[PDB]
Every structure is written in structure tokens, then in C-alpha cells.
$ cat model-v5.pdb   # PDB, C-alpha atoms
ATOM      1  CA  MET A   1     123.028 131.291  95.396  1.00  0.00           C
ATOM      2  CA  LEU A   2     120.050 132.131  93.181  1.00  0.00           C
ATOM      3  CA  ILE A   3     116.776 130.201  93.037  1.00  0.00           C
ATOM      4  CA  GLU A   4     116.675 127.856  90.045  1.00  0.00           C
ATOM      5  CA  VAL A   5     113.759 125.711  88.877  1.00  0.00           C
ATOM      6  CA  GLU A   6     114.376 121.962  89.044  1.00  0.00           C
ATOM      7  CA  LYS A   7     111.289 120.753  87.176  1.00  0.00           C
ATOM      8  CA  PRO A   8     109.839 123.500  84.940  1.00  0.00           C
ATOM      9  CA  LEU A   9     106.806 123.174  82.668  1.00  0.00           C
ATOM     10  CA  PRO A  10     108.083 123.004  79.064  1.00  0.00           C
ATOM     11  CA  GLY A  11     104.564 122.066  78.009  1.00  0.00           C
ATOM     12  CA  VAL A  12     101.419 121.506  80.060  1.00  0.00           C
ATOM     13  CA  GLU A  13      98.265 119.800  78.796  1.00  0.00           C
ATOM     14  CA  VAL A  14      94.722 120.329  80.079  1.00  0.00           C
ATOM     15  CA  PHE A  15      91.069 120.233  79.026  1.00  0.00           C
ATOM     16  CA  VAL A  16      89.022 123.224  77.873  1.00  0.00           C
ATOM     17  CA  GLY A  17      87.282 124.792  80.853  1.00  0.00           C
ATOM     18  CA  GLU A  18      87.811 121.696  82.986  1.00  0.00           C
ATOM     19  CA  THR A  19      90.842 121.092  85.202  1.00  0.00           C
ATOM     20  CA  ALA A  20      94.323 122.622  85.268  1.00  0.00           C
ATOM     21  CA  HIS A  21      97.125 120.707  86.987  1.00  0.00           C
ATOM     22  CA  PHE A  22     100.465 122.486  87.377  1.00  0.00           C
ATOM     23  CA  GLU A  23     103.437 121.138  89.331  1.00  0.00           C
ATOM     24  CA  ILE A  24     107.057 122.303  89.400  1.00  0.00           C
ATOM     25  CA  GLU A  25     110.223 122.020  91.488  1.00  0.00           C
ATOM     26  CA  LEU A  26     112.435 124.731  92.981  1.00  0.00           C
ATOM     27  CA  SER A  27     115.000 122.478  94.659  1.00  0.00           C
ATOM     28  CA  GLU A  28     114.345 124.567  97.769  1.00  0.00           C
ATOM     29  CA  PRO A  29     111.551 123.396 100.109  1.00  0.00           C
ATOM     30  CA  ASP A  30     112.714 126.049 102.573  1.00  0.00           C
ATOM     31  CA  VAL A  31     110.682 128.598 100.612  1.00  0.00           C
ATOM     32  CA  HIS A  32     107.424 128.744  98.655  1.00  0.00           C
ATOM     33  CA  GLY A  33     105.824 130.435  95.661  1.00  0.00           C
ATOM     34  CA  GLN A  34     102.656 131.986  94.257  1.00  0.00           C
ATOM     35  CA  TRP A  35     100.513 131.353  91.179  1.00  0.00           C
ATOM     36  CA  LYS A  36      99.344 134.347  89.146  1.00  0.00           C
ATOM     37  CA  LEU A  37      96.863 134.294  86.264  1.00  0.00           C
ATOM     38  CA  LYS A  38      95.576 136.978  83.894  1.00  0.00           C
ATOM     39  CA  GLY A  39      92.091 135.658  84.594  1.00  0.00           C
ATOM     40  CA  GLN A  40      92.026 135.591  88.390  1.00  0.00           C
ATOM     41  CA  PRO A  41      92.957 138.571  90.604  1.00  0.00           C
ATOM     42  CA  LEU A  42      95.519 136.746  92.743  1.00  0.00           C
ATOM     43  CA  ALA A  43      96.636 133.306  93.921  1.00  0.00           C
ATOM     44  CA  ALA A  44      94.650 130.981  96.183  1.00  0.00           C
ATOM     45  CA  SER A  45      91.367 131.843  94.469  1.00  0.00           C
ATOM     46  CA  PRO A  46      88.031 130.530  95.810  1.00  0.00           C
ATOM     47  CA  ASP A  47      87.870 128.269  92.756  1.00  0.00           C
ATOM     48  CA  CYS A  48      91.434 126.964  93.000  1.00  0.00           C
ATOM     49  CA  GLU A  49      93.667 125.114  95.462  1.00  0.00           C
ATOM     50  CA  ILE A  50      97.360 125.629  96.206  1.00  0.00           C
ATOM     51  CA  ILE A  51      99.113 122.748  97.962  1.00  0.00           C
ATOM     52  CA  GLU A  52     102.836 122.550  98.711  1.00  0.00           C
ATOM     53  CA  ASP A  53     104.113 119.030  99.377  1.00  0.00           C
ATOM     54  CA  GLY A  54     107.786 119.197 100.304  1.00  0.00           C
ATOM     55  CA  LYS A  55     109.529 121.419  97.766  1.00  0.00           C
ATOM     56  CA  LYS A  56     107.112 121.102  94.845  1.00  0.00           C
ATOM     57  CA  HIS A  57     103.941 123.171  94.466  1.00  0.00           C
ATOM     58  CA  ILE A  58     100.662 122.050  92.900  1.00  0.00           C
ATOM     59  CA  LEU A  59      97.957 124.409  91.641  1.00  0.00           C
ATOM     60  CA  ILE A  60      94.513 123.251  90.519  1.00  0.00           C
ATOM     61  CA  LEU A  61      92.811 125.714  88.174  1.00  0.00           C
ATOM     62  CA  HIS A  62      89.129 125.100  87.442  1.00  0.00           C
ATOM     63  CA  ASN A  63      87.536 126.418  84.248  1.00  0.00           C
ATOM     64  CA  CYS A  64      90.526 127.394  82.107  1.00  0.00           C
ATOM     65  CA  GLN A  65      88.742 129.181  79.263  1.00  0.00           C
ATOM     66  CA  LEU A  66      91.440 131.343  77.677  1.00  0.00           C
ATOM     67  CA  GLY A  67      91.201 130.141  74.088  1.00  0.00           C
ATOM     68  CA  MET A  68      93.381 128.036  71.802  1.00  0.00           C
ATOM     69  CA  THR A  69      96.096 128.475  74.430  1.00  0.00           C
ATOM     70  CA  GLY A  70      96.800 130.113  77.775  1.00  0.00           C
ATOM     71  CA  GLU A  71      99.816 131.686  79.460  1.00  0.00           C
ATOM     72  CA  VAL A  72     100.363 130.724  83.100  1.00  0.00           C
ATOM     73  CA  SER A  73     102.688 132.752  85.324  1.00  0.00           C
ATOM     74  CA  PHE A  74     104.210 131.392  88.534  1.00  0.00           C
ATOM     75  CA  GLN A  75     106.598 133.114  90.943  1.00  0.00           C
ATOM     76  CA  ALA A  76     108.906 131.007  93.109  1.00  0.00           C
ATOM     77  CA  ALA A  77     110.852 133.142  95.582  1.00  0.00           C
ATOM     78  CA  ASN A  78     111.345 136.306  93.530  1.00  0.00           C
ATOM     79  CA  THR A  79     111.663 134.088  90.457  1.00  0.00           C
ATOM     80  CA  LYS A  80     110.090 134.484  87.017  1.00  0.00           C
ATOM     81  CA  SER A  81     108.381 131.341  85.723  1.00  0.00           C
ATOM     82  CA  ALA A  82     106.177 131.193  82.627  1.00  0.00           C
ATOM     83  CA  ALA A  83     104.852 128.186  80.713  1.00  0.00           C
ATOM     84  CA  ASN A  84     102.538 127.558  77.759  1.00  0.00           C
ATOM     85  CA  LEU A  85      99.093 126.011  78.213  1.00  0.00           C
ATOM     86  CA  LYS A  86      97.522 123.649  75.679  1.00  0.00           C
ATOM     87  CA  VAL A  87      93.719 123.690  75.742  1.00  0.00           C
ATOM     88  CA  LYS A  88      92.097 120.473  74.521  1.00  0.00           C
ATOM     89  CA  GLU A  89      88.688 120.182  72.859  1.00  0.00           C
ATOM     90  CA  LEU A  90      86.232 118.093  74.877  1.00  0.00           C
ATOM     91  CA  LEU A  91      85.230 115.440  72.342  1.00  0.00           C
ATOM     92  CA  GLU A  92      83.306 112.257  73.137  1.00  0.00           C
ATOM     93  CA  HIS A  93      84.266 110.640  69.829  1.00  0.00           C
ATOM     94  CA  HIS A  94      84.276 106.841  69.615  1.00  0.00           C
ATOM     95  CA  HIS A  95      87.400 104.821  68.816  1.00  0.00           C
ATOM     96  CA  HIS A  96      86.252 101.596  67.154  1.00  0.00           C
ATOM     97  CA  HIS A  97      88.869  98.955  66.347  1.00  0.00           C
ATOM     98  CA  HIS A  98      87.332  98.578  62.887  1.00  0.00           C
TER      99      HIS A  98
END

$ encode --input "model-v5.pdb" --output "C-alpha cells"
Amino acid sequence: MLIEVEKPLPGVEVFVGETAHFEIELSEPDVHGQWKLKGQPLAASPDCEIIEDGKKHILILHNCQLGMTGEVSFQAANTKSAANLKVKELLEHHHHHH
């Protein structure tokens, strides 16, 4: 009856101002969705790509500089979807066995 997420994002991980991969399921390939961000004006930005393979939707966000964490909002057929973003610190530290 009502649209229900099949594979939500209970916790996404990405690099600081690098790449943002987000994929979810709606168990309904008959419809689609849109990705909204407080940073960008709307979805399908000139610096992002929105591909829908089957029923799932993938959104690549470049340069995700929001801070210690970011809040991503996605709408799937008049549906409210919000997940937490974990920004990682780009560190080229060395991991020696000794």
C-alpha cells in the first residue's frame, strides 16, 4: 500500500571532501526518487550523478565538506528518508607491522 524502504542507510561512511556513495532500496522499481542536500540547490547537480539500476538508486556526491558529520535527505516516491553521514579525515599515515 505505502512505499517502504527495503535497504535504508543506518550509517554511511565517506571521505572528507572526496566521494559520497549512497545506495538504497524501495522494493518498487516501478517508481523513482530524488536526492536533496542542504549544500546543493536540487538533485542531479552538475557535480553529481544519479543512476537508477532496477529498483535501487545510487547518488555520487563530490566534495562533501559539511563538517564532523553531514545529514543527507532522500525522497523516494513521496517518502521521507534521512541518514547520518560520517566524514573521515584524509590521513596518509603508515601502518608498519613493527

$ closest_residue --input "model-v5.pdb" --among "A:54, A:63, A:46, A:26" --to "residue A:4" --atoms "all atoms listed in the file"
A:26

$ atom_distance --input "model-v5.pdb" --atom1 "atom CA of residue A:29" --atom2 "atom CA of residue A:11"
23.2 Å

$ closest_residue --input "model-v5.pdb" --among "A:61, A:9, A:83, A:2" --to "residue A:27" --atoms "all atoms listed in the file"
A:2

$ resolve_selection --input "model-v5.pdb" --expression "the PyMOL selection byres ((chain A and resi 15) around 7)" --output "PyMOL selection string"
chain A and resi 14+16-19+87-90

$ residues_near_point --input "model-v5.pdb" --point "(111.4, 120.0, 85.2)" --cutoff "10 Å" --atoms "only C-alpha atoms" --output "PyMOL selection string"
chain A and resi 5-10+23-26

$ closest_residue --input "model-v5.pdb" --among "A:43, A:12, A:85, A:48" --to "residue A:66" --atoms "all atoms listed in the file"
A:85

$ atom_distance --input "model-v5.pdb" --atom1 "atom CA of residue A:3" --atom2 "atom CA of residue A:76"
7.9 Å

$ closest_residue --input "model-v5.pdb" --among "A:47, A:13, A:55, A:64" --to "residue A:77" --atoms "all atoms listed in the file"
A:55

$ closest_residue --input "model-v5.pdb" --among "A:93, A:32, A:84, A:42" --to "residue A:71" --atoms "all atoms listed in the file"
A:84

$ atom_distance --input "model-v5.pdb" --atom1 "atom CA of residue A:39" --atom2 "atom CA of residue A:78"
21.2 Å

$ closest_residue --input "model-v5.pdb" --among "A:35, A:28, A:41, A:73" --to "residue A:53" --atoms "all atoms listed in the file"
A:28

$ residues_near_point --input "model-v5.pdb" --point "(104.5, 134.2, 90.2)" --cutoff "7 Å" --atoms "all atoms listed in the file" --output "PyMOL selection string"
chain A and resi 33-36+73-76+80-81

$ build_atoms --input "model-v5.pdb" --residues "stretch 86-97 of chain A" --atoms "N, CA and C atoms" --output "PDB file, in the coordinates of the input"
ATOM      1  N   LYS A  86      98.175 124.232  76.846  1.00  0.00           N
ATOM      2  CA  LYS A  86      97.522 123.649  75.679  1.00  0.00           C
ATOM      3  C   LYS A  86      96.094 123.228  76.009  1.00  0.00           C
ATOM      4  N   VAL A  87      95.126 123.987  75.503  1.00  0.00           N
ATOM      5  CA  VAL A  87      93.719 123.690  75.742  1.00  0.00           C
ATOM      6  C   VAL A  87      93.210 122.623  74.778  1.00  0.00           C
ATOM      7  N   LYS A  88      92.628 121.564  75.330  1.00  0.00           N
ATOM      8  CA  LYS A  88      92.097 120.473  74.521  1.00  0.00           C
ATOM      9  C   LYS A  88      90.599 120.645  74.294  1.00  0.00           C
ATOM     10  N   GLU A  89      90.105 120.092  73.190  1.00  0.00           N
ATOM     11  CA  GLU A  89      88.688 120.182  72.859  1.00  0.00           C
ATOM     12  C   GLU A  89      87.931 118.958  73.364  1.00  0.00           C
ATOM     13  N   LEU A  90      87.024 119.179  74.309  1.00  0.00           N
ATOM     14  CA  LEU A  90      86.232 118.093  74.877  1.00  0.00           C
ATOM     15  C   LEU A  90      85.425 117.383  73.795  1.00  0.00           C
ATOM     16  N   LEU A  91      85.908 116.221  73.371  1.00  0.00           N
ATOM     17  CA  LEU A  91      85.230 115.440  72.342  1.00  0.00           C
ATOM     18  C   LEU A  91      84.954 114.022  72.827  1.00  0.00           C
ATOM     19  N   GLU A  92      83.700 113.595  72.711  1.00  0.00           N
ATOM     20  CA  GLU A  92      83.306 112.257  73.137  1.00  0.00           C
ATOM     21  C   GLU A  92      83.270 111.297  71.950  1.00  0.00           C
ATOM     22  N   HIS A  93      84.193 111.487  71.013  1.00  0.00           N
ATOM     23  CA  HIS A  93      84.266 110.640  69.829  1.00  0.00           C
ATOM     24  C   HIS A  93      84.525 109.187  70.216  1.00  0.00           C
ATOM     25  N   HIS A  94      84.090 108.266  69.362  1.00  0.00           N
ATOM     26  CA  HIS A  94      84.276 106.841  69.615  1.00  0.00           C
ATOM     27  C   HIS A  94      85.465 106.300  68.828  1.00  0.00           C
ATOM     28  N   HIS A  95      86.232 105.415  69.457  1.00  0.00           N
ATOM     29  CA  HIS A  95      87.400 104.821  68.816  1.00  0.00           C
ATOM     30  C   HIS A  95      87.193 103.327  68.585  1.00  0.00           C
ATOM     31  N   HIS A  96      86.517 102.991  67.490  1.00  0.00           N
ATOM     32  CA  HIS A  96      86.252 101.596  67.154  1.00  0.00           C
ATOM     33  C   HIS A  96      87.479 100.946  66.523  1.00  0.00           C
ATOM     34  N   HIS A  97      87.726  99.690  66.879  1.00  0.00           N
ATOM     35  CA  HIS A  97      88.869  98.955  66.347  1.00  0.00           C
ATOM     36  C   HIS A  97      88.778  98.834  64.829  1.00  0.00           C
TER      37      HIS A  97
END
